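Scroll down for the structure; my scribbles are underneath it.
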Amino acid sequence: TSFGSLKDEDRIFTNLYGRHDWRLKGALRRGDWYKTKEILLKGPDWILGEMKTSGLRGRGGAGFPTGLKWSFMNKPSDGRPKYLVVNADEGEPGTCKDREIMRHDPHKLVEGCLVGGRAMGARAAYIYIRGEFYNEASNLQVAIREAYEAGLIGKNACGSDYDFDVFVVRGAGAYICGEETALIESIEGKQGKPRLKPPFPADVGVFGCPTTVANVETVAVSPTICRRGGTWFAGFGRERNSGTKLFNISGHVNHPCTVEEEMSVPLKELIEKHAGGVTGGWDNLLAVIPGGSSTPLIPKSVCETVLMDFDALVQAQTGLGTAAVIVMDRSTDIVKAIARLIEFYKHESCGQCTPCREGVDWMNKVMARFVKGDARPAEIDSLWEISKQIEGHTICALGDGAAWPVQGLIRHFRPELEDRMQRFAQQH
Amino acid sequence: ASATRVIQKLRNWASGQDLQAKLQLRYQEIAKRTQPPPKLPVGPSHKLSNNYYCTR
Ligand SMILES: Cc1cc2nc3c(=O)[nH]c(=O)nc-3n(C[C@H](O)[C@H](O)[C@H](O)COP(=O)(O)O)c2cc1C
Ligand code: SF4
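Chains F and r, in that order, give the protein sequences. The first sequence begins at 10 in the deposited numbering and counts up one residue at a time. The second sequence begins at 1 in the deposited numbering and counts up one residue at a time.
Rendered as structure tokens:
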């Protein structure tokens, strides 16, 4: 099928553009908090089977089947309680989606946290967001005030005897904290530094207590899945890439935007249908960044005719991540762009891994030289070898995030660099 | 070389060979000293890639 071409009756995250109210009242109107009690009765196993049938995958980073990620924790308890955590953080360049989800749809997020905690026999949900989003944390705390005062949360969840709690947290302005482990550590107060897998948060972690992590979009859609059927949902996506998705189109475009869409949709259709069209004319387009900084670019030859999903991007040698589609044209120093993208990491790498701490800066300096061509070619292959050295020899995916962009830039746009270098030599 | 023609002829008749052509002493038949500052090469191991020690 020609995927996409969606219906605003199936599009989930309504009120996206805040044209309606975001309080409990408008939420109940939209269709929030419907027979949650019957769901809590049905219990965990049914919910997990529903998600597995749906075949959903994850949004944040690589696609890890949520059904299995949560069955990891589905288990009795040994005094050690069990917690859930929500990664409201959003710093990955090109992502302006969880912020909207929160300031315009917080009740649904709370509902999803509740359903997930019930699935995992939890006790509470810690929603960790950044610090700059004071307004969003405020709106969300207000919605939680309303929820508590009503009775949809707390001792008596909605009529059952399930005791659940919600707590909110702000970071202090870091990005790495959006990692499954240093998030937990920042919560606990220890520096925002990750841990080693194994062990896994699903058995050992926060406060030495088992816990699970989840992205806001996943937790917010899981309830709609549970109350709509799952199979219907999966019908809106390919075998593995099932589901709708949020996209954030930015860069060289007439009208940047945030959008809801279907998975496995053509990127060309996406850009030219919404956004009012690409700037300056399609032909002026040079390359893309379909997954933010955590993915490498791709030029015209594949920006056209491609699909959009974890698979068929992997095949294209790349990933998807957050669906942060940046677009450029023939008017920018790709090298300066990517050098700033890497200085981002050089500023926001925690530092405890030697290759990260001492190779990201190497890369930044070598790319700042590439900017002006004050170098010589074989440094290209040197940098490629450095990237292949870094990739797997770290802890958090940020190593791959710092390597991949360079790998793509150098697998695609070498002649630009070579010509920069010869031209600079000419200029002496 | 500063010596005389007749003595050249005499020593040459004595020996049998010629000597003004294959003297042992050194009259500016050498390479000047104070040679210029040179620049040197390196090996095939001063590359930047495909030089992993595990190979060699
Ligand atoms: C370095 C790094 C930064 C991340 N930053 C964010 C972020 O800012 N916002 C977000 O929603 N996810 C972010 N993620 C995605 C996380 O991996 C995700 O919250 C979690 O690890 C996996 O959850 P999921 O399987 O439900 O997607 C980040 C991941 C990494 C590795
Ligand atoms: S790879 Fe870098 S950012 Fe990630 S834990 Fe190691 S030092 Fe920190």
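Every residue gets a Cβ at the ideal spot worked out from N, C-alpha and C, and that includes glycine.
How would you label F/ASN96, buried or exposed, when you count the other beta carbons within 10 angstroms and need 16 or more for buried? The residue given as residue 96 of chain F occupies position 87 in the first sequence. Classification for F/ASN96: buried.
Which of the residues in the stretch 386-398 of chain F, read from start to end, lie with their CB under 8 angstroms from any CB of chain r? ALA387, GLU388, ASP390, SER391, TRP393, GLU394
4-residue-minimum alpha helix (DSSP H) runs that sit fully inside the stretch 55-132 of chain F, ordered along the chain: 75-80, 107-113, 115-128
Mind pulling the beta strand (DSSP E) runs of 3 or more residues that sit fully within the stretch 140-209 of chain F? 174-179
Which residue's Cα is closest to the Cα of F/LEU65: F/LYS254, F/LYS309, F/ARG429, F/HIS264? Start at 1 with the first residue of the first sequence, and residue 65 of chain F comes out as number 56. Nearest option by C-alpha distance: F/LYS254.
Which residues share a DSSP beta bridge with F/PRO308? The residue you call residue 308 of chain F lines up with position 299 of the first sequence. F/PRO308 is bridged to F/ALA296.
Please confirm whether F/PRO219 and F/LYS91 have their CB atoms less than 7 angstroms apart. Mapped onto the first sequence, residue 219 of chain F falls at position 210. Mapped onto the first sequence, residue 91 of chain F falls at position 82. Yes.
Can you tell me the Cβ-Cβ gap for F/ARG108 and F/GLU99, rounded? I've got them flagged as a contact below 8 angstroms. Taking the first sequence and counting its residues from 1, one reaches residue 108 of chain F at position 99. Taking the first sequence and counting its residues from 1, one reaches residue 99 of chain F at position 90. Right, the Cβ-Cβ distance comes to about 6 angstroms (below 8 angstroms), so this counts as a contact.
Is the closest heavy atom of ligand 2 to the C-beta of F/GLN361 under 6 angstroms? Position 352 of the first sequence, counted from the first residue, corresponds to residue 361 of chain F. Yes - ligand 2 has a heavy atom lying nearer than 6 angstroms to the Cβ of F/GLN361.
Cβ-based burial, r/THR55 [other Cβ within 10 Å; buried from 16]: In the second sequence, counting from the first residue as 1, residue 55 of chain r sits at position 55. Under this definition r/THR55 is an exposed residue.
Which residue wins for smallest C-alpha separation from F/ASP338, given the options F/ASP87, F/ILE307, F/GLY360? As a working mapping, residue 338 of chain F is identified with position 329 in the first sequence. Comparing Cα-Cα distances from F/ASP338 to each of F/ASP87, F/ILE307, F/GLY360, the minimum goes to F/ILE307.
Pairwise C-alpha distance: F/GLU388 and F/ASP342: Here residue 342 of chain F refers to the residue found at position 333 of the first sequence. Here residue 388 of chain F refers to the residue found at position 379 of the first sequence. In a straight line, the C-alpha of F/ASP342 is about 19 angstroms away from that of F/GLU388.
Please report the distance separating the alpha-carbon of F/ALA321 from that of r/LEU40. As a working mapping, residue 321 of chain F is identified with position 312 in the first sequence. As a working mapping, residue 40 of chain r is identified with position 40 in the second sequence. Taking the straight line from one Cα to the other gives about 52 angstroms.
Once the 5 residues before and after F/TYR137 are set aside, which same chain residues still bring their CB inside 7 angstroms of it? Within the first sequence, residue 137 of chain F is the residue found at index 128, counting from 1. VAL94, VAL95, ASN96, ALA97, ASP98, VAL178, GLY180, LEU192, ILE196, listed in sequence order.
Proximal residues of chain F, C-beta to C-beta of r/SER49 below 8 angstroms: Here residue 49 of chain r is taken as the residue at index 49 of the second sequence, counted from 1. Going along chain F in sequence order, the residues near r/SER49 (Cβ under 8 angstroms) are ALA387, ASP390, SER391, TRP393, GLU394.
Touching or not, the stretch 224-233 of chain F and the stretch 113-125 of chain F, by the rule of three or more beta carbon pairs under 8 angstroms? yes
Reducing DSSP to helix, strand and coil, say where F/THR267 ends up. The residue labelled residue 267 of chain F in the question sits at position 258 within the first sequence. DSSP places F/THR267 in strand when its eight states are reduced to three.
Of the residues F/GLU367, F/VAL344, F/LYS345, the one placed nearest F/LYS355, counting alpha carbons only: As a working note, residue 355 of chain F is residue 346 in the first sequence. Nearest C-alpha to F/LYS355: F/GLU367.
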